[PDB]
Amino acid sequence: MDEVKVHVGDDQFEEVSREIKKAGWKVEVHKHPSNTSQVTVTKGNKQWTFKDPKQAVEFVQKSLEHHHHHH
């Protein structure tokens, strides 16, 4: 699936939501009961995991916004 997702708590969700919305990609965000800072990107048979949204956005931007892959 070409769906991107982010799983973080309520304390860092606004920060992740702002960077993700600023990025413009279709991503699903879920708030955990405890403090969590991890982004999970699902693209086909690949998945990325990061501790910050900037890490995910910068890595996704370089891989997904700069590089392209054909099926």
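Residues numbered from 1 in each chain as written, not as in the entry; some residues may be left out. Heavy atoms only, no water.

Method of determination, as annotated in the archive: solution NMR.

### Topic: the pairing of strand β2 (residues 27-30)
Two faces make up the sheet, and in a regular strand the side chains alternate between them. Examined bridge by bridge, strand β1 (residues 4-8) and β2 share four bridges and lie parallel to one another. For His-7, the partnering residue across the bridge sits in β2 and is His-30. This β-α-β element, β1 to helix α1 (residues 10-23) to β2, shows right-handed connectivity. (Pairing = 2+ DSSP bridges. Helix = DSSP H or I, 4+ residues; strand = E, 2+ residues; numbered from the N terminus. Right-handed = clockwise from strand over helix to strand, strands pointing away.)

### Describing the sheet that holds strand β3 (residues 37-43)
Taken together, the four strands give an open sheet; going across it, the order is β2-β1-β3-β4, and neighbouring strands pair in mixed fashion. This sheet does not close on itself; its edge strands, each paired only once, are β2 and β4 (46-50). Along the sheet, successive strands turn relative to each other by an average axial angle of 15°, direction set aside. In the sheet, β3 pairs with β4 via five bridges, with the strands oriented antiparallel. (Axes fitted to C-alpha atoms, helices over the stretch in contact; angles between N-to-C directions.)

### What about α1?
With 14 residues, α1 extends 20 Å from end C-alpha to end C-alpha; this agrees with the ideal 20 Å at 1.5 Å per step. For α1, the set of buried residues is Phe-13, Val-16, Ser-17, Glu-19, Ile-20 and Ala-23. Close packing links the buried residues of α1 with β1, β2 and α2 (53-66). Two residues or fewer after α1 comes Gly-24, characterised by a positive phi angle close to 80°. (Expected span 1.5 Å × (residues − 1). Buried < 20%, exposed > 50% of the residue type's maximum accessible area, 1.4 Å probe, protein only. Contact = heavy atoms within 4.5 Å.)

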